[PDB]
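Worth knowing before you read on, the calculation uses all heavy atoms, side chains too, and leaves out hydrogens, waters and symmetry mates. Every chain is numbered from 1 and lettered A, B, ... according to where its sequence line falls, protein lines coming before strand lines.
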Amino acid sequence: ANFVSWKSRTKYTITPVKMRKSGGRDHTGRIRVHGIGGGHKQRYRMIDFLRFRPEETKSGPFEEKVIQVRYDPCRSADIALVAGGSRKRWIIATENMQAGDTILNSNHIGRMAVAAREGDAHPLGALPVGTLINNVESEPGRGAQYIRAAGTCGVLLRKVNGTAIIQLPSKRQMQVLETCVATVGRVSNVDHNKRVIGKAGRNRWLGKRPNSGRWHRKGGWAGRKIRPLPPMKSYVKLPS
Amino acid sequence: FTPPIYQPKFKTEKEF
Amino acid sequence: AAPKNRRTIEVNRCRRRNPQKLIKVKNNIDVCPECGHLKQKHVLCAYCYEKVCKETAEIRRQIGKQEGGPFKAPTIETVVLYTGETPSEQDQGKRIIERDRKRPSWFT
Amino acid sequence: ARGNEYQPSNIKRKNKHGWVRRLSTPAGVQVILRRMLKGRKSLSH
RNA sequence: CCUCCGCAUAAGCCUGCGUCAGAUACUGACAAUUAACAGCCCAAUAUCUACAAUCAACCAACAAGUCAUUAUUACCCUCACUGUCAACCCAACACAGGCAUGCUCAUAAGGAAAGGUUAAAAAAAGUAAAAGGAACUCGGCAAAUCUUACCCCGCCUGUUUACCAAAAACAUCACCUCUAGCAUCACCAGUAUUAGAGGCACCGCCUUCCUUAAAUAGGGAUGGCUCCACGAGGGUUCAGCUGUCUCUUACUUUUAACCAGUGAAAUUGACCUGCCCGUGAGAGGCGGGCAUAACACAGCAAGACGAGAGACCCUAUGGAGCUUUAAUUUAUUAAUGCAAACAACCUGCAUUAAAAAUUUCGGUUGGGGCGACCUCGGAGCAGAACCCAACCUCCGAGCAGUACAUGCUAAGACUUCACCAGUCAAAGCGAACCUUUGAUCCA
RNA sequence: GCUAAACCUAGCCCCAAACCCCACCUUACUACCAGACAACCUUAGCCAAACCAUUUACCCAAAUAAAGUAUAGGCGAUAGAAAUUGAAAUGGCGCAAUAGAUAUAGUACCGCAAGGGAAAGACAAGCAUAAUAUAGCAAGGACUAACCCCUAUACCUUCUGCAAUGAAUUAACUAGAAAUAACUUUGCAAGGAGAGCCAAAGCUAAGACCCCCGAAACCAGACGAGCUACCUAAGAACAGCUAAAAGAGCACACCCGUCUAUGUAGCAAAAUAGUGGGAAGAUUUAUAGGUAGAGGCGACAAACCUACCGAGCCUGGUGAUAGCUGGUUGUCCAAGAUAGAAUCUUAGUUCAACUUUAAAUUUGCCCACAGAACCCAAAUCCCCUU
Ligand SMILES: [Mg+2]
Ligand SMILES: [Mg+2]
Ligand SMILES: [Mg+2]
Ligand SMILES: [Mg+2]
Ligand SMILES: [Mg+2]
Ligand SMILES: [Mg+2]
Ligand SMILES: [Mg+2]
Ligand SMILES: [Mg+2]
Ligand SMILES: [Mg+2]
Ligand SMILES: [Mg+2]
Ligand SMILES: [Mg+2]
Ligand SMILES: [Mg+2]
Ligand SMILES: [Mg+2]
Ligand SMILES: [Mg+2]
Ligand SMILES: [Mg+2]
Ligand SMILES: [Mg+2]
Ligand SMILES: [Mg+2]
Ligand SMILES: [Mg+2]
Ligand SMILES: [Mg+2]
Ligand SMILES: [Mg+2]
Ligand SMILES: [Mg+2]
Ligand SMILES: [Mg+2]
Ligand SMILES: [Mg+2]
Ligand SMILES: [Mg+2]
Ligand SMILES: [Mg+2]
Ligand SMILES: [Mg+2]
Ligand SMILES: [Mg+2]
Ligand SMILES: [Mg+2]
Ligand SMILES: [Mg+2]
Ligand SMILES: [Mg+2]
Ligand SMILES: [Mg+2]
Ligand SMILES: [Mg+2]
Ligand SMILES: [Mg+2]
Ligand SMILES: [Mg+2]
Ligand SMILES: [Mg+2]
Ligand SMILES: [Zn+2]
């Protein structure tokens, strides 16, 4: 197929980008993921997941003003247009982020624990143990990848040496260098669980389509079965 | 079902 | 139901050469004593009728020219006059259709 | 109900069976070569 | 007198009812659609752009909705080219079908249901119907009317077997289970309130009588439950309504029949093609009787084992599909292990899986289940050479005991009806001094 | 006397020899701007093995011979060398328009496509002249005489045998291809043969003998998503009333297809009329694009993927295979019959038995006695005669 990814834009921008739906299809044109197709046309707002991104020819901790908090069609979380210095960027909004609020993005690992105010980003080394966090990086400067969905919140479980133990929302422990940045608080749109789809049409609007033949293997779906050993073959299906 | 078979048109388009 | 056997030409001849299928000879054909044309007894002579139809068509063309338009049927009688004819006392107050030919012998 | 499977459109015809698409693959080039060998008046569509 | 028709665009088609001349909207010749409509574009590099739409003003949201421009640098010429017709396209057809959009909502546009006749049957559609009003029928199907009530199933709106099934089936919100801690081609420019897969079913809670006169019909005395609403679902019912029926009739149109024109198809061994009884297991044709001038036309459907298709059973060391604890593999992937190259990556060799791949379906017993049997020997079972009652009945053998010449050789014979195989055996040599199966290949 | 009937070269087959202006890859046949993707990679399977699973000949670089030998091989079906040896050089006991090329042409036409692919040019049948006469396989025996009389259960094939199969009819076309031995007739003869091979009368040569059509399939490589299924991009449509931001109600357009009737070679290879469901949505729909066959797609009906999808279509392997069905064409004569065993075998085959031909030789069949068991019938066997 003549499929070229829509994710071709190279320069970050605030303008929503026209994104092409896939239908669950590979670049080969064959269905790779079932149950995807249609839905409301959407525009993609490029999220800057690296909260500590000091502006060009600038460095050090910087503050930013929350211009607005907006619904994002491409996420469970709602996003925040936030402006600092002479630039604007989209970030993931925390639970109580409001328009006009101020946000701190620092790389400073203070000797003492920094007062953790919801919404600001500090290196994990600077946070008190037991603080709720989100938008957690795996490596310093990689960019947030974990705890990004609406209402999610990891816990800074431990800090020893230069390594911090985080409890991901799946209640799995993760080891990250304490120099990696995370933002304080739980992600916004905390009521995303309680939303009721109500009707099949709403899922169709969200772009989920009812799809069958999801396995493509001979015989379709087949649950795993325990293959009895030769000694145990005599007891597999004992008649009544 | 067996589809109908059409004879060639020339058999029936002949003219003096 | 399909035929069980081909019908023979002998059977077919017996069928399609029956007197019921043969064309009957007409015995009402005679000769029009007027013009000597063949006519059936109860039917008008074809040639004489064609004559009358052609003359009527000419008269009606003249009538159409005189009327000049639809929905112009006169509320008065009509008289056809040929070359060398003059309206009579009875033909007074009747629209005159003038024909360029002479009065036909069969017209009166 | 059936029989009208052909819904003509010159764009689709040329894009599906045209000379350029035939030459776009080695298999289609061999299609054209077979038609030329047979002597077809119309090599492509 | 008739039409959701017409006119345009799109798409498609490609000169396909313009003129003339020859033929019976055909052939040939001649002509024609004129750009303003439409198509065919942009000089780039950068950098810009959060703020829907819905009369966009209030109100109302969620499903969150392309609108891409500006600064600098280049730039000077100017209207080319192409579509433009038609009664049209896709359906083999001048096909009652398919066919996007803008306008007209009955036309200002576009058309003609009747070739002529007659007024049979049967057939189709329609209209009307005394009295009755479901008595019809599987069923109130259809028609005419307009209502009532309740069960079963599915929560609902949707989806499906294009062309016999629209459903109780599939989906579905809701819920549950399982898997996954993560970036530059799907999932996803997402990140556990996420994503993928499976199940389940919205939700919510608790843990003999009646009906009719007659009623095989109907209704009522983690699961168990709860039917709000909805349904061309499946049952039942009141009332009404009706040609469904008692029980059919009349009329109109189509069809029909006759006249004229044009003109198929399945089918067909040949036919000079009767009835009764008999035969055969079923007769137009055979036997015995009977009948019997010859042909049209219109009906009918008893026969012509009517025609054309199809169903049921059986078979084939015929296919194909499916499932597996059928057999054979693991080439390929995925894991490991060992070597190889110095962790990644990769090669080779193994092992385990996943996914697959290839292949098969013995015989006898109305079929199937559960069986039993399949070779050999002995007896029934064949009275008197042999052979045979297969199928079948009973019994026992895959030997045991003995000897270790119970060796070697060799005339002549028998034989399980073929062959294979299996038996007996004189003479001779040598020691001593017999009573139950299986080939070839391969090891 | 109509329809017809006939014709002979247009060409073709097999050999030999010889080695054979302009436009056009974009939507081809389109005068005129930033390239870069540029190719290489065991065939498989049908089939034979009477299944099938290892296996099962296939442009080779001198014919013959070695030799179907050595070898290989579920050592079986079958496959199969080499050393060595060393062949010389413009025609038709071909077709003559259903033949010979498919060919007048890869045209017309058919298909979306890949593909498929024609026809034809120079008194047969059917009818008419001239319908028919009781009764019957349509005739035969006849007869003065057509009929009347008497006799007479169509053909082919498959069944044990009549039922069943096929056949409108004419013309043309349409189906027994070969070795191991034998036999016969020549030649020469302990040798034959124009190297090789055979030879204890052989050797050399000739003559005689082994059909046609048909699956469902399998695999390879193409072609197909202008239908349909799903998806992508960017569009469009949805009156009126009720209701009020609704997978809301009634109901147009539009989409569908509940029920009935008509239609059933039809208007239609799924339509028509009425009725009915949806009709601001999980809606309908135009345009362009995408996913391709063991694959796609599927709100799962094994549904749909160009009218025939439990697995598309085309071409090729391919003249697949068929123990099954059907067919298998001059005349005449002669001989000619039921039968055991084994078999993944009982729809087949091989051996036996029977059968046919040729040949050699001498007994063969029938049978009178005599003879064939104890346990406790009819007949049969055997053979001097005849
Ligand atoms: Mg279409
Ligand atoms: Mg059609
Ligand atoms: Mg008319
Ligand atoms: Mg009429
Ligand atoms: Mg009444
Ligand atoms: Mg009743
Ligand atoms: Mg009632
Ligand atoms: Mg009754
Ligand atoms: Mg009804
Ligand atoms: Mg439902
Ligand atoms: Mg519904
Ligand atoms: Mg259906
Ligand atoms: Mg239906
Ligand atoms: Mg009842
Ligand atoms: Mg007529
Ligand atoms: Mg009888
Ligand atoms: Mg008969
Ligand atoms: Mg009759
Ligand atoms: Mg029949
Ligand atoms: Mg015995
Ligand atoms: Mg024997
Ligand atoms: Mg085989
Ligand atoms: Mg020819
Ligand atoms: Mg004749
Ligand atoms: Mg027949
Ligand atoms: Mg499409
Ligand atoms: Mg509306
Ligand atoms: Mg609605
Ligand atoms: Mg669907
Ligand atoms: Mg099912
Ligand atoms: Mg098809
Ligand atoms: Mg064959
Ligand atoms: Mg004889
Ligand atoms: Mg065996
Ligand atoms: Mg057999
Ligand atoms: Zn006269």
_Nearest-Å distance for atom pair CG/P, residues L168(A) and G181(E)_ = 10 Å
Using a cutoff of under 3.5 Å, can you pull out all pairs of nitrogen or oxygen atoms linking the protein to nucleotides 97-102 of chain E, with atom names and distances?
none

_Just the rounded figure in Å: distance from P of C51(E) to CZ of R70(A)._
7 Å
Sort me out a list of protein N/O and nucleotides 22-29 of chain F N/O pairs below 3.5 Å, or just none if empty.
from   : atom 1 : to     : atom 2 : distance (Å)
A28(F) : OP1    : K14(D) : NZ     : 3.4
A28(F) : OP1    : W19(D) : N      : 3.0
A28(F) : OP2    : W19(D) : N      : 3.0
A28(F) : OP2    : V20(D) : N      : 2.8

_For the structure I just gave you, are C170(E) and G158(E) base-paired, Watson-Crick or wobble, with both distances less than 3.5 Å?_
yes
_Using a distance-only criterion (donor-acceptor N/O pair, under 3.5 Å, no hydrogens), is the base of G298(F) paired with the side chain of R214(A)?_
no
*For RNA chain F, find the residues of residues 199-207 of chain A with a heavy-atom distance under 4.0 Å and give them by number; none if there aren't any.*
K199(A), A200(A), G201(A), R204(A), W205(A)
*Of the nucleotides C90(E), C308(F), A189(E), which one has an atom closest to the side chain of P3(B)?*
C308(F)
*Hey, do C250(F) and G240(F) pair up, Watson-Crick or G-U wobble, with both distances short of 3.5 Å?*
yes
*Does any N or O donor sit under 3.5 Å from an N or O acceptor when you compare the side chain of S170(A) with the base of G181(E)?*
yes
*Residue closer to the 5' end of RNA chain F, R13(D) versus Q30(D) (nearest nucleotide)*: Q30(D)
*asked:* Could you check whether the side chain of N193(A) and the base of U193(E) have a donor-acceptor pair of N or O atoms closer than 3.5 Å, going by distance alone?
replied: yes
_Nearest-Å distance once atom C1' is located in both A397(E) and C433(E)_ = 35 Å
*For the residue pair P16(A) and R43(A), what are the closest heavy atoms and their distance?*
CB-CB, 3.5 Å
*asked:* If you compare every side-chain N and O of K4(C) against the phosphate oxygens of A307(E) (OP1, OP2), does one of them come in below 4.0 Å?
replied: yes
*Whole-angstrom distance between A88(F) and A206(F), as gauged at atom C1'*: 27 Å
*Of the non-hydrogen atoms in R13(D) and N10(D), which two are nearest, and what is the gap between them?*
NH2-OD1, 2.6 Å
*Are any of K12(D)'s side-chain N or O atoms less than 4.0 Å away from OP1 or OP2 of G289(F)?*
yes
*Whole Å only: how far is the NZ atom of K41(A) from the P atom of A234(F)?*
4 Å
*asked:* Between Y146(A) and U191(E), is there a contact of a side-chain N or O with OP1 or OP2 at under 4.0 Å?
replied: no
*Can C159(F) and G289(F) be counted as a Watson-Crick or G-U wobble pair, both distances below 3.5 Å?*
no
*Looking at residues 84-92 of chain A, who's got a heavy atom less than 4.0 Å off RNA chain E?*
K88(A), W90(A)
*asked:* With hydrogens left out and only the distance checked, is there a donor-acceptor pair under 3.5 Å joining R7(C)'s side chain and the base of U267(E)?
replied: no
_Measuring only the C1' atom in each nucleotide, how far is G412(E) from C417(E)? A whole number of Å is fine._
23 Å
Atom pairs under 3.5 Å, N or O on each side, protein against nucleotides 130-132 of chain F: can you list them with distances?
from    : atom 1 : to     : atom 2 : distance (Å)
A130(F) : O3'    : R17(C) : NH1    : 3.4
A131(F) : OP2    : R17(C) : NH1    : 2.6

*Taking protein heavy atoms under 4.0 Å as touching, what does nucleotides 352-358 of chain E look like 5' to 3' if B marks base contact, S marks sugar-phosphate-only contact and - marks none?*
-SSSSS-
